[PDB]
Structures are given as C-alpha cells and as structure tokens.
Amino acid sequence: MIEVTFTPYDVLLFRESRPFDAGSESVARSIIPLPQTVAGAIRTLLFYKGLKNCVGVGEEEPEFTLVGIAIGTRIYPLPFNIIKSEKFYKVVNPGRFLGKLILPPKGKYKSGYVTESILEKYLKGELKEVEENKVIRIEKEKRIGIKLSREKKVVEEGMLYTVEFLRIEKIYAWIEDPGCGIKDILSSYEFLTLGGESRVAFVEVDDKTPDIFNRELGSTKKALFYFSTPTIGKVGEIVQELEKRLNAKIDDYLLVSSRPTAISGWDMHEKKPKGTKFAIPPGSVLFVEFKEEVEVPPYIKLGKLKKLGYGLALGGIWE
DNA sequence: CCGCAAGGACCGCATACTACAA
Ligand SMILES: [Mg+2]
C-alpha cells in the first residue's frame, strides 16, 4: 500500500454543490474533502502524464483503488455515538429494547474532530470520554474578492464574490496500485491542484501501510464499524455485503448516523455536473451483533465506488 | 557685605467619529 501525503501551500476549497459563477451566485462554501476529489486530482495528474490507461477517462472509477482519505494537523470526525455533556464528550454504548439494538437517550451530538490516538482507544472500546479541549474544529478562512475593469481600476458590475476556504495542515490518501506505476509518477511531481480556485498541495509519497490498518482486535460477536469516509449504498446491501466478506450472519445491527452526505461533483470529461448520490456520512458507526464470533478486521471496504475512496470502515469492538 | 534659590490652577475639551457604488 502506498501512502500519499498532501501538504496544502495555503488554503483549500472543496466547494459544496451550489452555483458559483461570476456575475451571479457568488458564494463558495467549502465542505470536508470527499475522497473522489482526491481521486480526481490523482487521475488528472496521470491524465497529463500520458498514463491514460489507469485513469478511466469517462469512467466512474479509475483502474487503481483509493483506499480512503483522512485529514491531518491525522484526525477523524467524532463518532456519532459520542455526545457532549458539559465539558466532556461521552461515549454512549448500544442498549437493547424489544430485542433491538438502540442508542439510549443521552443528549444531542455536537460535531468535531479527534486525533487518531483517541479514535484507536474508541475502536478498542477503551474510551469513556474526551475532554472538550481535545475535540478539534476545522478552521475556516473567509475571503472576499472582486473583479476590476481592465483600465479604470474600478469594480465591474456585479463582480464581487465570497469564498469560505478551509485551513488544513495535511491530507492523507492511501492507494493500492495494480501496477500502473503511480508511486513513481507521484514522486516526479512536487505539487498538484487540489479542489477549487486553483489551490495546490505539495505531494509526498511513501510505501507504507498506516498502523491503524494493521490493528489486531481479536474475535468477538460484538463488532462495530466506524466509517472514516462516506459510504454509498442501501444499509441493507451494505450489511449483506458485510455478512459475505466476513462469512458470518448477523443477528442484529444498529446504524448510528446523521444527515446523509450529498455527493455530486464535476465531470471533467463531459464538462458538466455528476449525478447526485447519497452516502452515510463519515463518523457514522455500524454496531453489529454477529451470530458467531468473527475476527474483526482493522479495516474493510464497503458499498459503491470503493476505488474512489468511499466506504472505508475501521473495525472496532463494543460491549 | 550677608541671606534667599517657586507653587498651583489648567491637566485635551468639543465637533466630525463612514458614505457609497460596484
Ligand atoms: Mg474560480
């Protein structure tokens, strides 16, 4: 597995799906980067390097597989079963009622990010709570710009716009290369355009598997699956897929989640927006009670568009 | 020829203290 590290020179824009044309709708608000955007940046580099075989021009997916992405300062969205109570974010474990897994009422969820070490303790079921100071928020930087007339140096009519950028220190991407020679091509490049407004990020590439993908969790009936990237597909099909890949049937499951992630994007091949897809948002947790004990995998890919970085679930246990 | 050999008042007050288009 190859590990790509993107270091933004300054700011990044991963624009939400909304009109953003000069002289009209003029507000661009960034979201947390979707893995397909990172995949697109890599595919575009290969598209220009002449490796159009691995790109998948006009195709939904490339030949290579983007395992997933993570932002860094490496941090992850607070699991949705972690609820803020006073100055602490408390882990809420599944309960049972009428023979069904439920999450007991303990307050509303508040968004935020935690370090990889805090997530690791969570996945091992050893995390009780997190002090509110260790819960990170992503910094935004709002910039307001204009367009000037060529000669008179005054603002052209209606040419004012606003961008809410993200201030991100690092983005990590992991790629499985079936022999396209991506590691060599990425090594030849120092930087690439990532997201909107022609912002660039420095590129480093190392041949390594992150330790979080190599954890030994043991065997249990009570496994959980933390989605680190958006996961596309019906919950039923995802659970069924999970049953097949682990060769074990499920007694019951509970999806703790939030607002669905709206995913469209821009088709650079056809020069028009991509079709809207809906996904289980990062930070969502699928609690599963298998009928038999399973060896909980450190990570597992689920749902549609796996090669674009979607459906990266991190294994964990609960009691 | 000798001696003395500064002191307090005031102590920045007021007004203006964004306007407008692109
Ligand atoms: Mg632009």
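The figures here come from the full heavy-atom set of this structure, side chains too, leaving out hydrogens, waters and symmetry mates. Chain naming here is simple, since letters A, B, ... match the order of the sequence lines and numbering starts at 1 in each.
A gap of 22 Å separates the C1' atoms of B/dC2 and B/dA6, to the nearest Å. Taking the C1' atom of each, B/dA21 and B/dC17 are spaced 22 Å apart, rounded to whole Å. With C1' as the reference atom, B/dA9 and B/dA5 are 23 Å apart, rounded to whole Å. Separating the P atom of B/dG12 from that of B/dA16 is a span of 22 Å, rounded to the nearest Å.
Base stacking between B/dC4 and B/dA5 is absent, since the six-membered rings fail either the under 5.5 Å centre distance or the under 30° plane angle.
Judged purely by atom type and a 3.5 angstrom limit, A/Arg43 uses its side chain to pair as donor or acceptor with the backbone of A/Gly56. Checking side-chain atoms of A/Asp252 against main-chain N and O of A/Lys100 turns up no donor-acceptor pair under 3.5 Å.
Note: NZ (A/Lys147) to P (B/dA22) measures 16 Å, nearest angstrom. To the nearest angstrom, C1' of B/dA21 lies 17 Å from NZ of A/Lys153. Distance, A/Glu157 CD to B/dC20 P: 19 Å, rounded to whole Å. Rounded to a whole Å, the CD1 atom of A/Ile144 is 18 Å from the P atom of B/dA21.
Cation-pi geometry between A/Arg199 and A/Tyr9 is not met: the NZ or CZ atom fails to fall both under 6.0 Å from the ring centre and inside 45° of the normal.
The number of heavy atoms from other shown groups lying within 6.0 Å of CD (A/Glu60) does not exceed 12.
Judged by the sign of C1'-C2'-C3'-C4', the furanose ring of B/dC13 adopts a north, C3'-endo-like conformation. From the dihedral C1'-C2'-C3'-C4', which is negative here, one reads the pucker of B/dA19 as south, toward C2'-endo. The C1'-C2'-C3'-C4' torsion of B/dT18 is negative, so its sugar falls on the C2'-endo, or south, side.
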